[PDB]
file target_9.pdb (PDB, C-alpha atoms)
ATOM      1  CA  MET A   1      14.074  -5.878  -2.109
ATOM      2  CA  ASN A   2      12.365  -2.538  -2.880
ATOM      3  CA  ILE A   3       8.896  -0.887  -2.797
ATOM      4  CA  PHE A   4       7.853  -2.604  -6.055
ATOM      5  CA  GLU A   5       8.884  -6.128  -4.963
ATOM      6  CA  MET A   6       7.423  -5.431  -1.508
ATOM      7  CA  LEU A   7       3.973  -4.426  -2.761
ATOM      8  CA  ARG A   8       4.051  -7.238  -5.338
ATOM      9  CA  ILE A   9       4.348  -9.660  -2.385
ATOM     10  CA  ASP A  10       1.608  -7.958  -0.322
ATOM     11  CA  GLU A  11      -0.880  -7.332  -3.160
ATOM     12  CA  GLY A  12      -0.295 -10.311  -5.476
ATOM     13  CA  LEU A  13      -0.952 -10.260  -9.224
ATOM     14  CA  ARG A  14      -4.339 -11.056 -10.779
ATOM     15  CA  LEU A  15      -5.225 -10.251 -14.397
ATOM     16  CA  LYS A  16      -9.014 -10.461 -14.036
ATOM     17  CA  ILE A  17     -11.266  -8.282 -11.880
ATOM     18  CA  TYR A  18     -11.371  -9.597  -8.298
ATOM     19  CA  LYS A  19     -12.554  -8.344  -4.898
ATOM     20  CA  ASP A  20      -9.905  -7.009  -2.517
ATOM     21  CA  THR A  21      -9.809  -7.740   1.256
ATOM     22  CA  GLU A  22     -12.600  -5.165   1.838
ATOM     23  CA  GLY A  23     -14.831  -6.632  -0.899
ATOM     24  CA  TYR A  24     -14.010  -3.938  -3.465
ATOM     25  CA  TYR A  25     -13.460  -4.498  -7.182
ATOM     26  CA  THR A  26      -9.749  -4.546  -7.941
ATOM     27  CA  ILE A  27      -7.349  -5.696 -10.679
ATOM     28  CA  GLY A  28      -3.615  -6.252 -11.283
ATOM     29  CA  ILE A  29      -1.325  -5.550  -8.345
ATOM     30  CA  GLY A  30      -3.923  -4.189  -5.914
ATOM     31  CA  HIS A  31      -5.257  -1.504  -8.263
ATOM     32  CA  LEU A  32      -8.540  -0.488  -6.622
ATOM     33  CA  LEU A  33     -11.147   0.132  -9.336
ATOM     34  CA  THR A  34     -14.162   1.352  -7.331
ATOM     35  CA  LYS A  35     -15.945   0.984  -4.006
ATOM     36  CA  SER A  36     -19.237   0.553  -5.896
ATOM     37  CA  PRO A  37     -20.921  -2.883  -5.769
ATOM     38  CA  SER A  38     -21.620  -2.629  -9.534
ATOM     39  CA  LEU A  39     -19.360  -4.879 -11.654
ATOM     40  CA  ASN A  40     -20.221  -2.735 -14.677
ATOM     41  CA  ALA A  41     -19.005   0.384 -12.829
ATOM     42  CA  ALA A  42     -15.741  -1.451 -12.123
ATOM     43  CA  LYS A  43     -15.353  -2.515 -15.780
ATOM     44  CA  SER A  44     -15.876   1.135 -16.804
ATOM     45  CA  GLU A  45     -13.153   2.317 -14.369
ATOM     46  CA  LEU A  46     -10.872  -0.409 -15.755
ATOM     47  CA  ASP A  47     -11.411   0.652 -19.390
ATOM     48  CA  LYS A  48     -10.756   4.295 -18.394
ATOM     49  CA  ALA A  49      -7.505   3.302 -16.614
ATOM     50  CA  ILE A  50      -6.141   1.136 -19.473
ATOM     51  CA  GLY A  51      -7.466   3.215 -22.386
ATOM     52  CA  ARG A  52      -9.305   0.381 -24.161
ATOM     53  CA  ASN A  53     -12.388  -1.847 -23.916
ATOM     54  CA  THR A  54     -11.007  -4.630 -21.698
ATOM     55  CA  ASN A  55     -14.163  -6.408 -20.472
ATOM     56  CA  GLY A  56     -12.513  -7.134 -17.112
ATOM     57  CA  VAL A  57      -9.238  -8.718 -18.287
ATOM     58  CA  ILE A  58      -5.780  -7.135 -18.691
ATOM     59  CA  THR A  59      -2.231  -8.265 -19.576
ATOM     60  CA  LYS A  60       0.745  -8.499 -17.174
ATOM     61  CA  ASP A  61       2.311  -5.475 -18.929
ATOM     62  CA  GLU A  62      -0.874  -3.466 -18.393
ATOM     63  CA  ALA A  63      -1.039  -4.587 -14.732
ATOM     64  CA  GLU A  64       2.579  -3.442 -14.235
ATOM     65  CA  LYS A  65       1.866  -0.102 -15.948
ATOM     66  CA  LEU A  66      -0.990   0.689 -13.526
ATOM     67  CA  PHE A  67       1.173  -0.517 -10.617
ATOM     68  CA  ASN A  68       4.021   1.888 -11.460
ATOM     69  CA  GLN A  69       1.465   4.709 -11.728
ATOM     70  CA  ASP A  70      -0.100   3.796  -8.374
ATOM     71  CA  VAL A  71       3.246   3.651  -6.548
ATOM     72  CA  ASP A  72       4.183   7.010  -8.113
ATOM     73  CA  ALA A  73       0.846   8.555  -7.065
ATOM     74  CA  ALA A  74       1.239   7.239  -3.489
ATOM     75  CA  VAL A  75       4.711   8.792  -3.125
ATOM     76  CA  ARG A  76       3.598  12.071  -4.768
ATOM     77  CA  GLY A  77       0.591  12.173  -2.415
ATOM     78  CA  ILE A  78       2.801  11.779   0.670
ATOM     79  CA  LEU A  79       5.015  14.667  -0.474
ATOM     80  CA  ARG A  80       1.992  16.934  -1.111
ATOM     81  CA  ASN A  81       0.579  16.211   2.351
ATOM     82  CA  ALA A  82       1.855  18.728   4.925
ATOM     83  CA  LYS A  83       1.399  16.234   7.777
ATOM     84  CA  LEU A  84       2.964  13.223   6.013
ATOM     85  CA  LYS A  85       5.890  14.880   4.199
ATOM     86  CA  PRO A  86       8.012  15.745   7.293
ATOM     87  CA  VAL A  87       7.637  12.223   8.715
ATOM     88  CA  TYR A  88       8.549  10.708   5.330
ATOM     89  CA  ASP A  89      11.581  12.986   4.917
ATOM     90  CA  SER A  90      12.764  11.989   8.409
ATOM     91  CA  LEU A  91      12.894   8.268   7.491
ATOM     92  CA  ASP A  92      15.585   6.097   5.877
ATOM     93  CA  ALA A  93      14.776   4.472   2.496
ATOM     94  CA  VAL A  94      13.685   1.084   3.917
ATOM     95  CA  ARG A  95      11.143   2.675   6.293
ATOM     96  CA  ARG A  96      10.027   5.052   3.507
ATOM     97  CA  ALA A  97       8.951   1.928   1.578
ATOM     98  CA  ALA A  98       6.894   0.828   4.610
ATOM     99  CA  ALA A  99       5.233   4.287   4.525
ATOM    100  CA  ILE A 100       4.431   3.983   0.801
ATOM    101  CA  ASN A 101       3.065   0.477   1.464
ATOM    102  CA  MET A 102       0.508   1.797   4.009
ATOM    103  CA  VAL A 103      -0.562   4.748   1.796
ATOM    104  CA  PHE A 104      -0.952   2.346  -1.161
ATOM    105  CA  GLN A 105      -3.307   0.108   0.899
ATOM    106  CA  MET A 106      -5.186   2.749   2.932
ATOM    107  CA  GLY A 107      -4.911   6.042   1.067
ATOM    108  CA  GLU A 108      -4.000   9.258   2.879
ATOM    109  CA  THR A 109      -7.455   9.228   4.524
ATOM    110  CA  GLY A 110      -6.630   5.798   5.993
ATOM    111  CA  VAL A 111      -3.356   7.173   7.375
ATOM    112  CA  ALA A 112      -5.176  10.181   8.954
ATOM    113  CA  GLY A 113      -5.922   8.188  12.135
ATOM    114  CA  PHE A 114      -2.226   7.293  12.511
ATOM    115  CA  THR A 115      -1.118  10.682  13.951
ATOM    116  CA  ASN A 116       0.371   9.190  17.130
ATOM    117  CA  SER A 117       2.200   6.438  15.220
ATOM    118  CA  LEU A 118       3.595   9.070  12.842
ATOM    119  CA  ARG A 119       4.879  11.151  15.751
ATOM    120  CA  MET A 120       6.668   8.097  17.209
ATOM    121  CA  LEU A 121       8.156   7.273  13.791
ATOM    122  CA  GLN A 122       9.587  10.819  13.478
ATOM    123  CA  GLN A 123      11.005  10.478  17.021
ATOM    124  CA  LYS A 124      12.556   7.133  15.941
ATOM    125  CA  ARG A 125      10.952   5.317  18.884
ATOM    126  CA  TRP A 126      10.771   2.173  16.789
ATOM    127  CA  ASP A 127       9.425  -0.317  19.357
ATOM    128  CA  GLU A 128       6.820   2.167  20.655
ATOM    129  CA  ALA A 129       5.792   3.075  17.083
ATOM    130  CA  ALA A 130       5.436  -0.654  16.309
ATOM    131  CA  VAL A 131       3.190  -1.241  19.354
ATOM    132  CA  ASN A 132       1.073   1.796  18.416
ATOM    133  CA  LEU A 133       0.741   0.770  14.732
ATOM    134  CA  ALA A 134      -0.797  -2.589  15.741
ATOM    135  CA  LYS A 135      -3.551  -0.810  17.717
ATOM    136  CA  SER A 136      -5.607  -0.341  14.559
ATOM    137  CA  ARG A 137      -8.424  -1.655  12.399
ATOM    138  CA  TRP A 138      -5.666  -2.079   9.774
ATOM    139  CA  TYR A 139      -3.695  -4.569  11.890
ATOM    140  CA  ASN A 140      -6.829  -6.463  12.975
ATOM    141  CA  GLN A 141      -8.215  -6.831   9.437
ATOM    142  CA  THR A 142      -4.895  -7.616   7.693
ATOM    143  CA  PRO A 143      -2.594  -8.881  10.483
ATOM    144  CA  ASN A 144      -0.054 -10.826   8.387
ATOM    145  CA  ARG A 145       0.569  -7.901   6.043
ATOM    146  CA  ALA A 146       0.528  -5.360   8.916
ATOM    147  CA  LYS A 147       3.043  -7.499  10.816
ATOM    148  CA  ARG A 148       5.426  -7.395   7.812
ATOM    149  CA  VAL A 149       5.012  -3.608   7.417
ATOM    150  CA  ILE A 150       5.414  -3.036  11.187
ATOM    151  CA  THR A 151       8.565  -5.207  11.321
ATOM    152  CA  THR A 152       9.933  -3.070   8.465
ATOM    153  CA  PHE A 153       9.254   0.091  10.545
ATOM    154  CA  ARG A 154      10.624  -1.492  13.736
ATOM    155  CA  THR A 155      13.939  -2.806  12.291
ATOM    156  CA  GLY A 156      14.643  -0.729   9.171
ATOM    157  CA  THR A 157      15.438  -4.062   7.441
ATOM    158  CA  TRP A 158      13.747  -6.237   4.784
ATOM    159  CA  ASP A 159      13.737  -9.257   7.161
ATOM    160  CA  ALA A 160       9.928  -9.666   6.951
ATOM    161  CA  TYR A 161      10.143  -9.967   3.123
ATOM    162  CA  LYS A 162      13.535 -11.635   2.437
ATOM    163  CA  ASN A 163      12.053 -15.121   2.810
ATOM    164  CA  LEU A 164       9.078 -14.519   0.475
TER     165      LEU A 164
END

call {"tool": "encode", "arguments": {"input": "target_9.pdb", "output": "structure tokens"}}
result
Amino acid sequence: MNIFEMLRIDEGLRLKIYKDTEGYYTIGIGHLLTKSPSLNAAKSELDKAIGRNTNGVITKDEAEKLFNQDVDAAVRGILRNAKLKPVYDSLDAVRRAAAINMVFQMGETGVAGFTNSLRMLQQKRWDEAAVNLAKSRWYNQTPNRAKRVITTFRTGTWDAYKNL
């Protein structure tokens, strides 16, 4: 198990434009295209991302390319964020993946409300952090995924993903 296999489980793989859990146009392995309700706007973003006229359909290779870029961008974003970087640095590699997972799904702006959780994570108060993490829109809207991510933070193991 690793961050790539982990997000592949949580995000799935779809080669045609679909709507994510929030109703937003998405493709591949949870590559958000746009928050705009215009399908044409989404197709434009897709073409821009891939570098060709796709008309809403991409290959597995192209999906994986975007995915690698997105994971990279998420990690790079954490390290450039003065609030997130110290918490990230404080974590072991398994829990670091859980951090990347959240940033991937929510963006840094999504993680902004998680100040108290982040403090508990840096303190290594794993059970308390886990309780705090569940007190969120995130948990309520995507409970099965959040539960996996939270278990990863609580235990520092891949137990929530090993069976999947």

call {"tool": "residues_around", "arguments": {"input": "target_9.pdb", "residues": "residue 83 of chain A", "least_positions_apart": "2", "cutoff": "12 Å", "atoms": "all atoms listed in the file", "output": "VMD selection string"}}
result
chain A and resid 77 to 81 85 to 89 108 to 109 111 to 116 118 to 119 122

call {"tool": "resolve_selection", "arguments": {"input": "target_9.pdb", "expression": "the PyMOL selection byres ((chain A and resi 137-141) around 12)", "output": "NGL selection string"}}
result
:A and (21-22 or 102-103 or 105-107 or 110-111 or 113-114 or 130-136 or 142-150)

call {"tool": "residues_around", "arguments": {"input": "target_9.pdb", "residues": "residue 12 of chain A", "least_positions_apart": "3", "cutoff": "8 Å", "atoms": "only C-alpha atoms", "output": "ChimeraX atom specification"}}
result
/A:7-9,28-30

call {"tool": "resolve_selection", "arguments": {"input": "target_9.pdb", "expression": "the PyMOL selection byres ((chain A and resi 152-157) around 8)", "output": "PyMOL selection string"}}
result
chain A and resi 92+94-95+98+121+126-127+129-130+148-151+158-160

call {"tool": "write_last_selection", "arguments": {"input": "target_9.pdb", "atoms": "C-alpha atoms", "output": "mmCIF file, keeping the file's coordinate frame"}}
result
data_model
loop_
_atom_site.group_PDB
_atom_site.id
_atom_site.type_symbol
_atom_site.label_atom_id
_atom_site.label_comp_id
_atom_site.auth_asym_id
_atom_site.auth_seq_id
_atom_site.Cartn_x
_atom_site.Cartn_y
_atom_site.Cartn_z
ATOM 1 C CA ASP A 92 15.585 6.097 5.877
ATOM 2 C CA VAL A 94 13.685 1.084 3.917
ATOM 3 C CA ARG A 95 11.143 2.675 6.293
ATOM 4 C CA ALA A 98 6.894 0.828 4.610
ATOM 5 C CA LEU A 121 8.156 7.273 13.791
ATOM 6 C CA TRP A 126 10.771 2.173 16.789
ATOM 7 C CA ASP A 127 9.425 -0.317 19.357
ATOM 8 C CA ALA A 129 5.792 3.075 17.083
ATOM 9 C CA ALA A 130 5.436 -0.654 16.309
ATOM 10 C CA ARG A 148 5.426 -7.395 7.812
ATOM 11 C CA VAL A 149 5.012 -3.608 7.417
ATOM 12 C CA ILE A 150 5.414 -3.036 11.187
ATOM 13 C CA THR A 151 8.565 -5.207 11.321
ATOM 14 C CA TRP A 158 13.747 -6.237 4.784
ATOM 15 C CA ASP A 159 13.737 -9.257 7.161
ATOM 16 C CA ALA A 160 9.928 -9.666 6.951
#

call {"tool": "residues_around", "arguments": {"input": "target_9.pdb", "residues": "residue 2 of chain A", "least_positions_apart": "2", "cutoff": "8 Å", "atoms": "all atoms listed in the file", "output": "count of residues only"}}
result
5

call {"tool": "residues_around", "arguments": {"input": "target_9.pdb", "residues": "residue 47 of chain A", "least_positions_apart": "2", "cutoff": "12 Å", "atoms": "all atoms listed in the file", "output": "ChimeraX atom specification"}}
result
/A:17,27,33,40-45,49-58,62,66

call {"tool": "write_last_selection", "arguments": {"input": "target_9.pdb", "atoms": "C-alpha atoms", "output": "PDB file, in the frame of the given file"}}
result
ATOM      1  CA  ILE A  17     -11.266  -8.282 -11.880  1.00  0.00           C
ATOM      2  CA  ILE A  27      -7.349  -5.696 -10.679  1.00  0.00           C
ATOM      3  CA  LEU A  33     -11.147   0.132  -9.336  1.00  0.00           C
ATOM      4  CA  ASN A  40     -20.221  -2.735 -14.677  1.00  0.00           C
ATOM      5  CA  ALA A  41     -19.005   0.384 -12.829  1.00  0.00           C
ATOM      6  CA  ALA A  42     -15.741  -1.451 -12.123  1.00  0.00           C
ATOM      7  CA  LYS A  43     -15.353  -2.515 -15.780  1.00  0.00           C
ATOM      8  CA  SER A  44     -15.876   1.135 -16.804  1.00  0.00           C
ATOM      9  CA  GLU A  45     -13.153   2.317 -14.369  1.00  0.00           C
ATOM     10  CA  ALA A  49      -7.505   3.302 -16.614  1.00  0.00           C
ATOM     11  CA  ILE A  50      -6.141   1.136 -19.473  1.00  0.00           C
ATOM     12  CA  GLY A  51      -7.466   3.215 -22.386  1.00  0.00           C
ATOM     13  CA  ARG A  52      -9.305   0.381 -24.161  1.00  0.00           C
ATOM     14  CA  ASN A  53     -12.388  -1.847 -23.916  1.00  0.00           C
ATOM     15  CA  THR A  54     -11.007  -4.630 -21.698  1.00  0.00           C
ATOM     16  CA  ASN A  55     -14.163  -6.408 -20.472  1.00  0.00           C
ATOM     17  CA  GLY A  56     -12.513  -7.134 -17.112  1.00  0.00           C
ATOM     18  CA  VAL A  57      -9.238  -8.718 -18.287  1.00  0.00           C
ATOM     19  CA  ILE A  58      -5.780  -7.135 -18.691  1.00  0.00           C
ATOM     20  CA  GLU A  62      -0.874  -3.466 -18.393  1.00  0.00           C
ATOM     21  CA  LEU A  66      -0.990   0.689 -13.526  1.00  0.00           C
TER      22      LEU A  66
END

call {"tool": "atom_distance", "arguments": {"input": "target_9.pdb", "atom1": "atom CA of residue 63 of chain A", "atom2": "atom CA of residue 93 of chain A"}}
result
25.1 Å

call {"tool": "atom_distance", "arguments": {"input": "target_9.pdb", "atom1": "atom CA of residue 100 of chain A", "atom2": "atom CA of residue 75 of chain A"}}
result
6.2 Å

call {"tool": "resolve_selection", "arguments": {"input": "target_9.pdb", "expression": "the PyMOL selection byres ((chain A and resi 23) around 12)", "output": "list in words"}}
result
residues 17, 18, 19, 20, 21, 22, 24, 25, 26, 32, 33, 34, 35, 36, 37, 38 and 39 of chain A

call {"tool": "closest_residue", "arguments": {"input": "target_9.pdb", "among": "A:1, A:99, A:73, A:120", "to": "residue 31 of chain A", "atoms": "only C-alpha atoms"}}
result
A:73

call {"tool": "axis_aligned_box", "arguments": {"input": "target_9.pdb", "around": "segment 62-79 of chain A", "padding_each_side": "6 Å", "output": "lines of an AutoDock Vina configuration file"}}
result
center_x = 2.0
center_y = 5.0
center_z = -8.9
size_x = 18.1
size_y = 31.3
size_z = 31.1

call {"tool": "atom_distance", "arguments": {"input": "target_9.pdb", "atom1": "atom CA of residue 101 of chain A", "atom2": "atom CA of residue 72 of chain A"}}
result
11.6 Å

call {"tool": "decode", "arguments": {"input": "target_9.pdb", "residues": "segment 122-149 of chain A", "atoms": "N, CA, C and O atoms", "output": "mmCIF file, in the first residue's frame"}}
result
data_model
loop_
_atom_site.group_PDB
_atom_site.id
_atom_site.type_symbol
_atom_site.label_atom_id
_atom_site.label_comp_id
_atom_site.auth_asym_id
_atom_site.auth_seq_id
_atom_site.Cartn_x
_atom_site.Cartn_y
_atom_site.Cartn_z
ATOM 1 N N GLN A 122 -0.007 16.724 15.418
ATOM 2 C CA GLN A 122 1.380 17.066 15.772
ATOM 3 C C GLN A 122 1.756 16.613 17.189
ATOM 4 O O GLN A 122 2.897 16.207 17.435
ATOM 5 N N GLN A 123 0.788 16.666 18.101
ATOM 6 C CA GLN A 123 0.967 16.200 19.481
ATOM 7 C C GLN A 123 0.966 14.677 19.588
ATOM 8 O O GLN A 123 1.302 14.129 20.639
ATOM 9 N N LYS A 124 0.569 14.007 18.503
ATOM 10 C CA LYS A 124 0.450 12.538 18.438
ATOM 11 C C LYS A 124 -0.609 11.998 19.418
ATOM 12 O O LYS A 124 -0.478 10.913 19.977
ATOM 13 N N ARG A 125 -1.675 12.772 19.595
ATOM 14 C CA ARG A 125 -2.817 12.332 20.390
ATOM 15 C C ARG A 125 -3.798 11.679 19.428
ATOM 16 O O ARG A 125 -4.817 12.274 19.052
ATOM 17 N N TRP A 126 -3.473 10.447 19.032
ATOM 18 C CA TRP A 126 -4.108 9.815 17.878
ATOM 19 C C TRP A 126 -5.615 9.605 18.042
ATOM 20 O O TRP A 126 -6.384 9.899 17.118
ATOM 21 N N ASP A 127 -6.037 9.109 19.204
ATOM 22 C CA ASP A 127 -7.464 8.892 19.455
ATOM 23 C C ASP A 127 -8.249 10.213 19.490
ATOM 24 O O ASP A 127 -9.316 10.317 18.878
ATOM 25 N N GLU A 128 -7.692 11.217 20.167
ATOM 26 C CA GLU A 128 -8.300 12.545 20.231
ATOM 27 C C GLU A 128 -8.371 13.208 18.854
ATOM 28 O O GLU A 128 -9.407 13.784 18.494
ATOM 29 N N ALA A 129 -7.278 13.125 18.091
ATOM 30 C CA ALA A 129 -7.255 13.612 16.708
ATOM 31 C C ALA A 129 -8.362 12.945 15.891
ATOM 32 O O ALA A 129 -9.097 13.618 15.173
ATOM 33 N N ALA A 130 -8.487 11.625 16.034
ATOM 34 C CA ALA A 130 -9.481 10.847 15.282
ATOM 35 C C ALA A 130 -10.921 11.286 15.590
ATOM 36 O O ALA A 130 -11.737 11.442 14.675
ATOM 37 N N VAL A 131 -11.213 11.489 16.874
ATOM 38 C CA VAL A 131 -12.509 12.008 17.319
ATOM 39 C C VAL A 131 -12.766 13.393 16.708
ATOM 40 O O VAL A 131 -13.835 13.649 16.150
ATOM 41 N N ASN A 132 -11.766 14.267 16.788
ATOM 42 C CA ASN A 132 -11.885 15.620 16.247
ATOM 43 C C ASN A 132 -12.091 15.666 14.723
ATOM 44 O O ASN A 132 -12.895 16.456 14.229
ATOM 45 N N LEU A 133 -11.365 14.810 13.998
ATOM 46 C CA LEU A 133 -11.461 14.733 12.536
ATOM 47 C C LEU A 133 -12.874 14.388 12.049
ATOM 48 O O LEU A 133 -13.314 14.873 10.999
ATOM 49 N N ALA A 134 -13.575 13.553 12.815
ATOM 50 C CA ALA A 134 -14.936 13.126 12.458
ATOM 51 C C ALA A 134 -15.996 14.222 12.673
ATOM 52 O O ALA A 134 -17.114 14.129 12.158
ATOM 53 N N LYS A 135 -15.639 15.254 13.436
ATOM 54 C CA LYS A 135 -16.538 16.371 13.707
ATOM 55 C C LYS A 135 -16.431 17.392 12.578
ATOM 56 O O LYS A 135 -15.950 18.506 12.773
ATOM 57 N N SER A 136 -16.883 16.993 11.390
ATOM 58 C CA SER A 136 -16.641 17.759 10.174
ATOM 59 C C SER A 136 -17.693 17.492 9.109
ATOM 60 O O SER A 136 -18.248 16.391 9.036
ATOM 61 N N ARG A 137 -17.921 18.492 8.261
ATOM 62 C CA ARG A 137 -18.709 18.296 7.049
ATOM 63 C C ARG A 137 -18.124 17.125 6.248
ATOM 64 O O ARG A 137 -18.865 16.254 5.766
ATOM 65 N N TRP A 138 -16.795 17.104 6.139
ATOM 66 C CA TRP A 138 -16.066 16.061 5.409
ATOM 67 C C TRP A 138 -16.498 14.648 5.805
ATOM 68 O O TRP A 138 -16.847 13.835 4.942
ATOM 69 N N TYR A 139 -16.467 14.363 7.106
ATOM 70 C CA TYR A 139 -16.875 13.060 7.622
ATOM 71 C C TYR A 139 -18.341 12.785 7.290
ATOM 72 O O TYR A 139 -18.675 11.719 6.779
ATOM 73 N N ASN A 140 -19.209 13.755 7.573
ATOM 74 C CA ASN A 140 -20.647 13.589 7.338
ATOM 75 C C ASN A 140 -21.017 13.333 5.879
ATOM 76 O O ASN A 140 -21.902 12.525 5.602
ATOM 77 N N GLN A 141 -20.332 14.005 4.956
ATOM 78 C CA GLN A 141 -20.637 13.880 3.531
ATOM 79 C C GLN A 141 -19.996 12.641 2.901
ATOM 80 O O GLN A 141 -20.595 12.008 2.035
ATOM 81 N N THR A 142 -18.781 12.301 3.327
ATOM 82 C CA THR A 142 -18.112 11.083 2.836
ATOM 83 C C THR A 142 -17.622 10.219 4.002
ATOM 84 O O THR A 142 -16.415 10.127 4.227
ATOM 85 N N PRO A 143 -18.558 9.591 4.750
ATOM 86 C CA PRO A 143 -18.182 8.891 5.977
ATOM 87 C C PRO A 143 -17.310 7.655 5.775
ATOM 88 O O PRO A 143 -16.382 7.457 6.548
ATOM 89 N N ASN A 144 -17.579 6.858 4.742
ATOM 90 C CA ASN A 144 -16.792 5.639 4.522
ATOM 91 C C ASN A 144 -15.326 5.934 4.186
ATOM 92 O O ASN A 144 -14.413 5.305 4.735
ATOM 93 N N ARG A 145 -15.116 6.910 3.306
ATOM 94 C CA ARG A 145 -13.774 7.366 2.991
ATOM 95 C C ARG A 145 -13.102 8.027 4.196
ATOM 96 O O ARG A 145 -11.941 7.729 4.489
ATOM 97 N N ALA A 146 -13.822 8.919 4.887
ATOM 98 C CA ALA A 146 -13.275 9.607 6.064
ATOM 99 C C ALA A 146 -12.857 8.600 7.128
ATOM 100 O O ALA A 146 -11.795 8.748 7.739
ATOM 101 N N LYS A 147 -13.686 7.574 7.326
ATOM 102 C CA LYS A 147 -13.407 6.528 8.305
ATOM 103 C C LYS A 147 -12.094 5.811 7.990
ATOM 104 O O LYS A 147 -11.302 5.556 8.895
ATOM 105 N N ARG A 148 -11.863 5.505 6.710
ATOM 106 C CA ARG A 148 -10.586 4.909 6.274
ATOM 107 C C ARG A 148 -9.395 5.830 6.567
ATOM 108 O O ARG A 148 -8.391 5.399 7.147
ATOM 109 N N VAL A 149 -9.527 7.098 6.176
ATOM 110 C CA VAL A 149 -8.472 8.101 6.371
ATOM 111 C C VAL A 149 -8.188 8.314 7.864
ATOM 112 O O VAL A 149 -7.027 8.332 8.281
#
